[PDB]
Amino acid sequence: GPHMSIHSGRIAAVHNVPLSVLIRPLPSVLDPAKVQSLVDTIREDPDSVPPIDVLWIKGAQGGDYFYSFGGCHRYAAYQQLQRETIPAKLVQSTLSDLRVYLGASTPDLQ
């Protein structure tokens, strides 16, 4: 008869997040022309610019941490526009997910 199964996975949700709340551990590789292209697009058609992906990690005592590894050109463009917030897809993630990026540097988040 009808379908047996469902899809289960981590929760993601789009939010306007303060640039300032994002932890950005790694240097950004940026094509200056691409940053400028994004600044122009944000000005004229911001809905066409997708939210940046952010790892939302809850620490051992429930603290919230928001890590940002990609989205570098968009982050740079919002910074150049002096924006307070940026559209971000907050993807619920774990310390083991974070380790994929930080390895032995992964902090014992509280």
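Sequential numbering from 1, following the sequence displayed.
Looking at mean Cα B-factors across 57-65 and 37-45, the upper value is held by 37-45. Mean C-alpha B-factor is higher over 79-87 than over the other stretch, the pair under comparison being 79-87 and 22-30. Sorting the modelled residues of the chain by their CA temperature factor places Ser8 in the lowest third. Among the modelled residues of the chain, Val14 sits in the middle third by CA temperature factor in this PDB entry.
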